[PDB]
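Breakdown of the fold
Each chain is listed here by its residues.
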Amino acid sequence: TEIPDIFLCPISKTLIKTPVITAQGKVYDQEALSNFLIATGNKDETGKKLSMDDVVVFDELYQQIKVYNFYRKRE
Ligand SMILES: [Cl-]
């Protein structure tokens, strides 16, 4: 019933809807990080600088989440 940790967003604390990855190699939900960077003014969870224009959509993980959604919504 639990959600796999690799699909969890550090911010929303739940399943990622569209995974983006930072140059540092960190993975967030696209919309969860967008609003969070607005609330803190381009600062991440650890207080370090981060802009939304510096992340890309992690494609392979996005594909993996879609597959997970199939097996989850099956139950
Ligand atoms: Cl992966």
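- For this deposited structure, the header cites X-ray crystallography as the method used and 3.408 Å as the resolution.

1. Structural notes on the overall build of the protein
- If you tally the helices and strands in the protein, you get 2 helices and 3 strands.
- Across its three principal axes, the protein shows a C-alpha extent of roughly 40 × 20 × 15 Å.
- Looking at the protein as a whole, 27% of its 75 residues qualify as buried.
- Taking as baseline every contact in the protein between residues at least 6 positions apart, the subset at least 24 positions apart corresponds to 40%.
- Between the mean site of the 10 positive side-chain charges and the mean site of the 11 negative ones, the protein shows a separation of 4 Å.

2. Remarks on the nonpolar core
- Counting residues in hydrophobic clusters, the biggest one holds 15 residues, and the most contacted among them are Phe 7, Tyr 28, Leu 33, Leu 50 and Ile 65.
- At the level of elements, β2 (27-29), α1 (30-40) and α2 (59-72) are the ones that each hand at least two residues to this core.

3. What to know about the pattern of salt bridges
- With the rule as written, the count across this model stands at 1 salt bridge.
- Two residues, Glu 45 and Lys 26, come together in a salt bridge whose shortest N-O distance is 3.2 Å. Here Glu 45 is found in the loop between α1 and β3 (56-57), whereas its partner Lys 26 is found in the loop between β1 (19-21) and β2, with 19 residues between them in sequence.
- The exposure class of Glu 45 is partly exposed, given its relative accessible area of 33%.
- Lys 26 gets classed as partly exposed once you look at its relative accessible area, which sits at 28%.

4. A look at a nonpolar patch on the surface
- A grouping of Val 67, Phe 70 and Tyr 71 is seen on the molecular surface, where their side chains present a nonpolar patch of about 330 Å² in accessible area.
- By the secondary structure assignment, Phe 70 is in helix α2.
- Of the residues examined, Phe 70 reaches a relative accessible area of 51% and is grouped as exposed.

5. Looking at the sheet that holds β1
- The 3 strands lie next to each other as β2-β1-β3, forming an open sheet whose pairing is antiparallel. The open sheet has two free edges, formed respectively by β2 and β3, since each of these has just one partner strand.
- Looking at chain direction, β1 and β3 are connected through 2 bridges and run antiparallel. Residue pairing in the sheet places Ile 21 in a bridge with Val 56 of β3.
- In the packing of α1 onto the sheet, contacts are made with β1, β2 and β3, and the angle to β2 comes to roughly 85 degrees.

Cut-off values and rules
Residues numbered from 1 in each chain as written, not as in the entry; some residues may be left out. Heavy atoms only, no water. Helix = DSSP H or I, 4+ residues; strand = E, 2+ residues; numbered from the N terminus. Buried < 20%, exposed > 50% of the residue type's maximum accessible area, 1.4 Å probe, protein only. Contact = heavy atoms within 4.5 Å. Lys, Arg positive; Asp, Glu negative; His and termini not counted. Charge placed at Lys NZ, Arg CZ, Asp CG, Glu CD. Core = buried A, V, L, I, M, F, W, Y, C linked by side-chain atoms within 4.5 Å. Salt bridge = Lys/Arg side-chain N within 4 Å of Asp/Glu carboxyl O. Patch = residues over 30% accessible without salt bridge, like charges linked within 9 Å, V, L, I, M, F, W, Y side chains within 5 Å. Areas by Shrake-Rupley, 256 points an atom, 1.4 Å probe, with all protein chains shown as cover. Pairing = 2+ DSSP bridges. Axes fitted to C-alpha atoms, helices over the stretch in contact; angles between N-to-C directions.

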